[PDB]
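Engineer: Take this structure first; my questions come after.
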Amino acid sequence: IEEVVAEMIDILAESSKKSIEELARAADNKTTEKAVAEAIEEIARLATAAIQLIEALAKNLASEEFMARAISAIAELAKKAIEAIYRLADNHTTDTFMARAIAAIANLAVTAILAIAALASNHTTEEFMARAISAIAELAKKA
Amino acid sequence: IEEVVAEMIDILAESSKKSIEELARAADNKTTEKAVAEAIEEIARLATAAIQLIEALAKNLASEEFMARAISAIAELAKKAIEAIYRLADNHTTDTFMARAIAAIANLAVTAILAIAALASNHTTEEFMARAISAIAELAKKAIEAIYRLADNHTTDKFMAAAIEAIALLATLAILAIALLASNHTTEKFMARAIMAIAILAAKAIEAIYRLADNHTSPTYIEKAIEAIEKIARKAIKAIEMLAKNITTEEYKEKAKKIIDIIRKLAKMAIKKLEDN
Amino acid sequence: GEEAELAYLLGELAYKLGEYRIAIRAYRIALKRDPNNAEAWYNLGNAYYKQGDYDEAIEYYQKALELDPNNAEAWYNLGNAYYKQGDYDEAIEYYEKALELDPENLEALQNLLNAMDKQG
Amino acid sequence: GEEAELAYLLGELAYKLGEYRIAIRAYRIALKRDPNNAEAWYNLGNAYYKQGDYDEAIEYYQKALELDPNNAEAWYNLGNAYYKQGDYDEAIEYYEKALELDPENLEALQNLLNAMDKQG
Amino acid sequence: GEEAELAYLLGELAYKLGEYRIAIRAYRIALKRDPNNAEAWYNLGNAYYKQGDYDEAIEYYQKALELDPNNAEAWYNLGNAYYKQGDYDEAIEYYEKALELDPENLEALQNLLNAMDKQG
């Protein structure tokens, strides 16, 4: 059963990751400021939703090794969303929609961190806790 | 008390349903591509929110008859949101904002299915589980066909790409959601029904994917469609096997095996035809 | 005999052109004159199938198949007629037979599974 | 007889498909073999009507009607053939008869009035 | 006989509608019953011509022409069948004959010259 839940998580995570990459490419393939703004908002929106869906299922993963996978999935999505936003915003510069990029990164970082902490709050192994801590710190540092 | 919670759910559901209908009308009453895009995004956003609010309250419905009502409300909202999006997108065509329509349908289908599964995971009656399974399959089937049809009315481009992936993802998730709920069944009669629900959905997902690559005779999509078909069949079968393993009666064990072989054969034929194109 | 050949040809032409009622009348003649023409039994069954006359389609498909058991299409259509009438057990058996003869008939396979679901 | 049935069917098929000349030839056969088939007399008359062969259409419509006096359509078409030939008195009588049999035939009624005007 | 007339008519109808295979089968019957119908020999040859069955088309065109030497169209089509088979000497002779009967057949004339070039 845990595999079923975890599999749904891996599936959702892969889908989101890919959609994020596609949006980022579209924003660089396109020539307008809005293409960048749209990908930033959609990347952040999709990443947020993906994370929330994962938490929603991840909460049923009584066994820690699967929870660890769920945390990783969240962190990876958050990292890709952040990097994608960063790249588009950094390439774009010109002070246009840059505030959105900053806010989006921060919002994603918050969402991901709290989601991780929320799942992490339900387990007992010390190493796991350390991994959750590491993931949070990693995301915060990158953001 | 359950009535109070359920009433809040019925209230929210009616409100959302109506707002969805109003947005859809506005998009058809209006003359621009953006009117369609806005209704699609708002319908999906509102439907998503409504479903989430319902789950949030529905989780307190300890008594199953109310939970069943909550599931129905979610499914109905999802269906209306999907149909509304479909109609606007299908009427619109012209390859404009059509990717949004496909994604919106898929996203709603996922949201609704997982929400249903989440509520469903908390009850015990077998019939209820079967109803939850049915609702999931219903939503998945409608979403798949809506997506399929939209891609045919756009013609090739990237819409069929989106459709192939969306269908495969949706079907896979729906199957697993079914398998998960189904894992709590107590008898072969019900486990077998879950198996069949999976098999039917898998077959439909495969046919839709097959048809999109086939009717465009397009090598790009022949390759993607084949991979998607194989993926669906493998997962559908594994889900079936997981459930099949809990069947202790030969009549049903044999039925499950026949179903598995059928899925595999169907998938293989679809693949062969696409390869030949 | 020449009468049978003309009856057959008229039936076949009307059939192809969609005038199934005409084809039925002509095939009844062709078969009255020559009861062993499996093709007429088959096309007759199809002409009825096309009109929603499923009981007739079943009878005639069965005759065509007794004369020619390898007619996969007839087995398929037989299964379809049973399916349409709600007799899924029979539809299931005939879809399987059509598939043994023609494993490439995806629609029969898909319909087999659907019939299995409806029969339960 | 089978010959009559085939003749009838060929006539009917050709007729439906617009090959009225063919239909005429086939119906002559059908009637030679079986003179009582009012339907062939009627369709024969129509096949001629369609070609502008109004005298023939009249003869055959009359035969069809002697066999079946309730064929409102034949009465109507009979009236039309007379009308086309300028015999309004006859067209008038036949339009009225078609209408007695079928009061809903607006075109016959309209044509009745037009014939009345042309006859004066 | 009535049998020949029905066979002829069925052949002709199928022929007109493009179902040449059907027409062939019907014309074989029409001719078996009545070997002197030049029209059936001719249409039979055309029905085969249409299928790429040039040797058959030649045989049947020759029969039609023996019965009716003035059928310019048959001479033309005979020449075309020979042409298609690479026998330009024969195509040339038949195009010339079709032209003697019908000097207005530009296509036969053009084909005559083309055949002359291919024969060398």
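FYI, nothing fancy with the structure tokens labels: chains A, B, ... in order, residues from 1 per chain, ligands from 1 as they appear.
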Quick one: everything within 12 Å of residue 20 of chain B, counting only C-alpha atoms, minus sequence neighbours fewer than 2 positions away in the same chain. Send it as an MDAnalysis selection string.
Structural biologist: chainID B and resid 13:18 22:27 38:50 76:85 88
Engineer: Residues of chain E within 8 Å of chain D, counting only C-alpha atoms - could you list those as a list in words?
Structural biologist: residues 2, 6, 9, 10 and 13 of chain E
Engineer: Please dump the current selection as a compact mmCIF listing (two decimals), in the first residue's frame; keep N, CA and C atoms.
Structural biologist:
# COMPACT_ATOMS: atom_id res chain seq x y z
N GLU E 2 -36.65 -12.97 -70.63
CA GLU E 2 -36.69 -12.11 -69.45
C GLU E 2 -35.43 -12.24 -68.63
N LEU E 6 -33.10 -9.13 -67.56
CA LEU E 6 -32.70 -8.78 -66.23
C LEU E 6 -31.21 -8.81 -66.10
N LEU E 9 -29.90 -5.62 -67.56
CA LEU E 9 -30.14 -4.44 -66.77
C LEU E 9 -29.31 -4.42 -65.53
N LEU E 10 -29.10 -5.55 -64.90
CA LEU E 10 -28.30 -5.48 -63.71
C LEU E 10 -26.89 -5.11 -64.06
N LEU E 13 -26.69 -1.42 -64.77
CA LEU E 13 -26.77 -0.56 -63.62
C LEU E 13 -25.48 -0.59 -62.83
Engineer: If you count only C-alpha atoms, which residues fall within 10 Å of residue 270 of chain B, apart from same-chain ones fewer than 2 positions away, as JSON, numbers by chain?
Structural biologist: {"B": [206, 207, 209, 210, 211, 214, 225, 226, 229, 230, 264, 265, 266, 267, 268, 272, 273, 274, 275], "C": [104, 106]}
Engineer: For the residues in the current selection, export C-alpha atoms as a tab-separated table (two decimals), in the first residue's frame.
Structural biologist:
chain	number	residue	atom	x	y	z
B	206	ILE	CA	-5.16	3.30	-24.59
B	207	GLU	CA	-7.71	3.64	-27.32
B	209	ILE	CA	-3.97	7.57	-27.21
B	210	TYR	CA	-3.92	5.15	-30.05
B	211	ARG	CA	-6.45	7.08	-32.01
B	214	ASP	CA	-3.12	6.88	-35.58
B	225	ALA	CA	1.83	7.10	-27.96
B	226	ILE	CA	3.50	3.76	-27.94
B	229	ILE	CA	0.39	2.78	-24.12
B	230	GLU	CA	3.02	0.47	-22.81
B	264	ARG	CA	-1.78	-6.74	-22.84
B	265	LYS	CA	-3.12	-7.88	-26.19
B	266	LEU	CA	-5.06	-4.71	-26.72
B	267	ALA	CA	-2.04	-2.66	-25.93
B	268	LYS	CA	0.09	-4.71	-28.25
B	272	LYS	CA	1.58	-2.62	-33.75
B	273	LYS	CA	-0.83	-0.57	-35.77
B	274	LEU	CA	0.92	2.63	-34.82
B	275	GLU	CA	4.31	1.16	-35.70
C	104	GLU	CA	-5.94	-8.62	-34.69
C	106	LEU	CA	-9.03	-4.98	-31.59
Engineer: Each residue of chain C lying at most 8 Å from chain B should get a row with its shortest atom-to-atom pair and the distance in Å to one decimal, counting only C-alpha atoms; could you produce that, ordered by chain and increasing number, as a Markdown table?
Structural biologist:
| residue | atom | partner | partner_atom | distance |
| --- | --- | --- | --- | --- |
| C:104 | CA | B:269 | CA | 6.6 |
| C:106 | CA | B:266 | CA | 6.3 |
| C:109 | CA | B:266 | CA | 6.9 |
| C:110 | CA | B:203 | CA | 7.2 |
| C:113 | CA | B:259 | CA | 7.3 |
| C:114 | CA | B:200 | CA | 7.1 |
| C:117 | CA | B:196 | CA | 6.5 |
| C:120 | CA | B:193 | CA | 7.7 |
Engineer: Could you save the residues just selected, with C-alpha atoms, as an mmCIF file, in the first residue's frame?
Structural biologist:
data_model
loop_
_atom_site.group_PDB
_atom_site.id
_atom_site.type_symbol
_atom_site.label_atom_id
_atom_site.label_comp_id
_atom_site.auth_asym_id
_atom_site.auth_seq_id
_atom_site.Cartn_x
_atom_site.Cartn_y
_atom_site.Cartn_z
ATOM 1 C CA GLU C 104 -5.941 -8.622 -34.687
ATOM 2 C CA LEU C 106 -9.034 -4.977 -31.590
ATOM 3 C CA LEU C 109 -11.208 -7.577 -27.951
ATOM 4 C CA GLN C 110 -12.332 -4.278 -26.591
ATOM 5 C CA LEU C 113 -13.818 -6.762 -22.165
ATOM 6 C CA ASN C 114 -16.790 -4.438 -22.202
ATOM 7 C CA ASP C 117 -17.895 -5.886 -17.483
ATOM 8 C CA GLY C 120 -20.170 -8.861 -14.405
#
Engineer: Show me which bits of chain B are within 7 Å of chain A, counting only C-alpha atoms, as a list in words.
Structural biologist: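 In the required form, that comes to residues 173, 176 and 180 of chain B.
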Engineer: Based on the selection just made, write C-alpha atoms of those residues as a tab-separated table (two decimals), in the first residue's frame.
Structural biologist:
chain	number	residue	atom	x	y	z
B	173	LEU	CA	-3.44	8.05	-11.26
B	176	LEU	CA	-3.78	3.65	-8.64
B	180	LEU	CA	-5.71	1.89	-3.25
Engineer: Let me make sure I understand: among D:24, D:115, D:31, D:64, which one has the smallest atom-to-atom distance to residue 85 of chain D if we use only C-alpha atoms?
Structural biologist: D:115
Engineer: Just the residues within 8 Å of residue 82 of chain D, please, counting only C-alpha atoms, with nothing from its chain fewer than 5 positions along; format it as a PyMOL selection string.
Structural biologist: chain D and resi 54+58+87-88+90-91
Engineer: Could those selected residues go to a file with N, CA and C atoms, as an mmCIF file, in the first residue's frame?
Structural biologist:
data_model
loop_
_atom_site.group_PDB
_atom_site.id
_atom_site.type_symbol
_atom_site.label_atom_id
_atom_site.label_comp_id
_atom_site.auth_asym_id
_atom_site.auth_seq_id
_atom_site.Cartn_x
_atom_site.Cartn_y
_atom_site.Cartn_z
ATOM 1 N N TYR D 54 -45.685 12.280 -70.206
ATOM 2 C CA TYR D 54 -46.929 12.460 -69.498
ATOM 3 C C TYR D 54 -48.042 11.575 -69.985
ATOM 4 N N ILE D 58 -49.891 9.051 -67.453
ATOM 5 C CA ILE D 58 -51.318 8.983 -67.233
ATOM 6 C C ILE D 58 -51.839 7.580 -67.378
ATOM 7 N N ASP D 87 -54.659 20.045 -69.574
ATOM 8 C CA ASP D 87 -56.017 19.614 -69.371
ATOM 9 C C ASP D 87 -56.368 19.916 -67.947
ATOM 10 N N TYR D 88 -56.844 21.123 -67.731
ATOM 11 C CA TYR D 88 -57.035 21.521 -66.370
ATOM 12 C C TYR D 88 -58.286 20.879 -65.824
ATOM 13 N N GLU D 90 -59.356 17.958 -66.126
ATOM 14 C CA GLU D 90 -59.001 16.690 -65.541
ATOM 15 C C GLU D 90 -58.102 16.869 -64.338
ATOM 16 N N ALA D 91 -57.149 17.794 -64.410
ATOM 17 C CA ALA D 91 -56.261 17.991 -63.280
ATOM 18 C C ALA D 91 -57.038 18.374 -62.034
#
Engineer: Would you compute the distance between atom CA of residue 57 of chain D and atom CA of residue 86 of chain D? Give it in Å to one decimal.
Structural biologist: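 Distance reported for this atom pair: 14.7 Å.
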Engineer: When you draw a straight line from atom CA of residue 45 of chain C to atom CA of residue 60 of chain C, how long is it in Å?
Structural biologist: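 Distance between the two atoms: 4.7 Å.
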Engineer: Could you jot down the atom CA of residue 38 of chain D to atom CA of residue 80 of chain D separation for me, Å, one decimal place?
Structural biologist: 18.9 Å
Engineer: Check the smallest atom-to-atom distance from each of B:144, B:89, B:178, B:247 to residue 109 of chain B using only C-alpha atoms, then report the winner.
Structural biologist: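 Closest residue, counting only C-alpha atoms: B:144.
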Engineer: Compile the contact shell of residue 138 of chain A as a list in words: residues with an atom at most 12 Å away, counting only C-alpha atoms, same-chain residues fewer than 4 positions apart removed.
Structural biologist: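 Contacts, in chain order: residues 72, 75, 76, 78, 79, 109, 112, 113, 116, 130, 131, 132, 133, 134, 142 and 143 of chain A.
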Engineer: I'd like the neighbourhood of segment 87-96 of chain A as number ranges by chain, where a residue qualifies if any of its atoms comes within 9 Å (using only C-alpha atoms), though same-chain residues fewer than 2 positions away should be ignored.
Structural biologist: A: 24, 27-28, 33, 36-37, 39-40, 82-85, 98-102
Engineer: Between C:69, C:18, C:1, C:52, which one has atoms that come closest to residue 34 of chain C, using only C-alpha atoms?
Structural biologist: C:1
Engineer: Leaving out residue 113 of chain B and any residue of its chain fewer than 5 positions from it, which residues lie within 9 Å of it when counting only C-alpha atoms, given as a PyMOL selection string?
Structural biologist: chain B and resi 74-75+108+118+135-137+139-140+173-174+177
